[PDB]
Every structure is written in structure tokens, then in C-alpha cells.
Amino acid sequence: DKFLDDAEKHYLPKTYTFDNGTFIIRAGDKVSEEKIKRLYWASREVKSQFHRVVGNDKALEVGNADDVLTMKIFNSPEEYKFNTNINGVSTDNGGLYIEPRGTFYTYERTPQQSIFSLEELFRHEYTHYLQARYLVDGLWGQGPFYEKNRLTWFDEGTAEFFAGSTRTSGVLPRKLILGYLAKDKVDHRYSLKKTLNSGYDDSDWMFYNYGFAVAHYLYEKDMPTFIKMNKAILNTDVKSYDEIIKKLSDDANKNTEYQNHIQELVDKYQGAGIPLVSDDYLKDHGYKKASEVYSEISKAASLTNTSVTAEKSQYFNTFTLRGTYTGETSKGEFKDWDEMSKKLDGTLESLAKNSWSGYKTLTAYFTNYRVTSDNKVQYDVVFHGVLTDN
């Protein structure tokens, strides 16, 4: 009805466009422009870690709604409830991502109204947008991966995981998730087998946190298994996925390794951070000639066959630089991953020691692993940052 669009204009009067129109935020008049900018840059930190782990940055299907991501942010939990009347989806949540619409619906909130800030919640839900676009073929809720609870622990656990994405230090654990784990009685911790068979029909939802613990355990202590699992999902190889799950679930030593990892996480609760974008992203960086940015980045990261695209956003322009990295002799796909991450984070941290504050906006990932005929590690490498040269 014209009555509903009229209401929607009133509740979401502001429109902010990023990335040549592929990332749109509509927001209430009480949502600060500062917060809008933080959410854009948060998306890039999460996107970068996700593509490093998964190894793919090409949309799986052509012409889906999520070619454009739309975020709708109501002013408050109270005005959020009008979203059910307006767009016909549930508001019994802190937010909701609807894949067929490429739309995330949520609301700004005070620390008194939720434990999770808006940026922290967005970091989690944006991970679902990434899973659906770049990892899980077909629509959410369909196909073999949406039977037998196959991906329930994974989808929620990795969303909690990737919400802890940082700029230069990989993925870090979040205080709030570690707090839930720390408050559990030790002998009520989920076994590895129980976590990998948990469902949304469960009654307690602690599985989100034990699912995170699985993801973080694999990330930190068994990255080969984590890569093989993601490759199985990416290739819709149900057989390989089920074999991995069965091997993890039936091995008593793997569960003890996982239990000990939970204890390490719990021990880290007190001093754990909440990864959120730096204020550096909001500073005025000053002019820097564009080709000097590209040249300096390409040299520090030892890239060849480089290309660059520039994109327009509400408040700034950005660039995406792509190149090929060819390193030394491969120590295998999994030991290669680890050294590539260390190299890329070191390069990002070296560039940020530069006087140009614009280098503090850089995010980077690698994808499409392969070895050369000379058995040399090779990757496509992608950098993203602000561009202050019109």
C-alpha cells in the first residue's frame, strides 16, 4: 500500500550508498552518520577474513538479489517492530538477514537495550550474507546441506567466529561469546559430537557458542581440517563433508583436544576484546596520489599482474587492487595458508607504519590457491582501501 511505503519513508528516511551502489544502508533519522561509516568498514574487515578462510571470492550464482546488499536500520527496538507490518518478516529477534531479498533488517540500540552493539550484531549477520553468496550454493534452507542439521552448527558458529574479524590480526575471539562459555559448568560443555549434531530445534542455543568453539579450534589447531571442510561445502561435496564430521565426532582424542581448546578460550575471557573498526577509519587522511598507493602496495606485497578498480561511496571513494603473489616452494596447501596469512598481516602492518593514515583503512585477503610447476606457492591477492585522489 502507499500507506506502508509512506510509513517506511518516515522510519527509514536516510539512504547511504557505498561500493558503486552494491552496499545500501537505509536508516532512521537517529542513526548517526559515524555509525554508518563504521558499518561499511566493518563489512570489509569481515569480508577479508572470510575470503582468506574459504578461498573463494566469486559469487556462486548469477543474478541473485544479493548482487546488492541492503541494510535497513530502524532507530530503536520499538520502531523495529514496524518492520513486520512493513516488509512482512519477523521482528522477534535482534535482526534478520533474508537471502532472497539480499536484505538485512535491524535497529540501533543503547548498551541498556542489548549486550551486543549494532556493529557487533552486523558483523555476525553480514557473515550470513557472505556464506550465502560465496560459500553455500543455492538458497538457504534448500538442498542436502540444509538437511540433518548438517550446517546448523557451522552457519551460526562461523558467523560468531567471523564477527571477530580484525584488520591485521586475523580473527580474534569476542568477549561476549567467551563469557557465555565461561559461565557454563565445566562438565556441561558440549562434546564435539554433540555440537556437530546440534539443531535450531535444540532448547538452549548454547550451541552457537560451542559452534564458535569448534570453528576457532579448527582455525587455531587444525587448519587443514577447516580448509577441507570449507572446500567440501564450496563444491557441494556432501560425501567429503560427512566424512569429516564423522571423523571428528567419533574420535575421543579429537574431543579432548576440543575440550582443552574451550578451556583456553574460557581462560581468555577476562582480557578478551571486542573487534570493532578503529577510529582511524574516520579520520581525514589527506591527498595521496592514486598510483603511489597502488605502487607502494604492489611492491610491499610482491604482486605481479596487478589491476585496480575504483568505487564511489557516500563519503569517500575506495579502490580494490588485485594481483598475483608467487612465493617459495610449497610446503603444502595448509602450511602455505599459515605463512601467507603471516606475510599478508605483516605487509598490512608495515604499510600502516607509513605517515599516510589512509593505509590504516586497508584490508586484504588471498584466494585461489595453487602451486606452480616449480612447486611454488601461488595466490590471487586482493587489497581494499580508501582513495583520496579524485
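Note that residue numbering begins at 1 and tracks the sequence as displayed.
Between 269-277 and 201-209, the higher mean Cα B-factor belongs to 201-209. Here the stretch with the larger average CA B-factor, out of 27-35 and 60-68, is 60-68. Per the PDB entry, 137 shows the highest C-alpha temperature factor of the residues 292, 108, 137, 155. Highest CA B-factor among the listed residues (239, 285, 246, 124): 285. Per the PDB record, residue ranking by Cα B-factor puts residue 220 in the middle third of the chain. In the PDB entry, a CA B factor belonging to the highest third of its chain's modelled residues is recorded for residue 369.
Per the deposited record, the Cα B-factor of residue 80 falls in the middle third when ranked against the other modelled residues of its chain.
Remark: residue 349 belongs to the middle third of its chain, ranked by C-alpha B-factor as recorded. When the modelled residues of the chain are ordered by their C-alpha B factor, residue 355 lands in the highest third.
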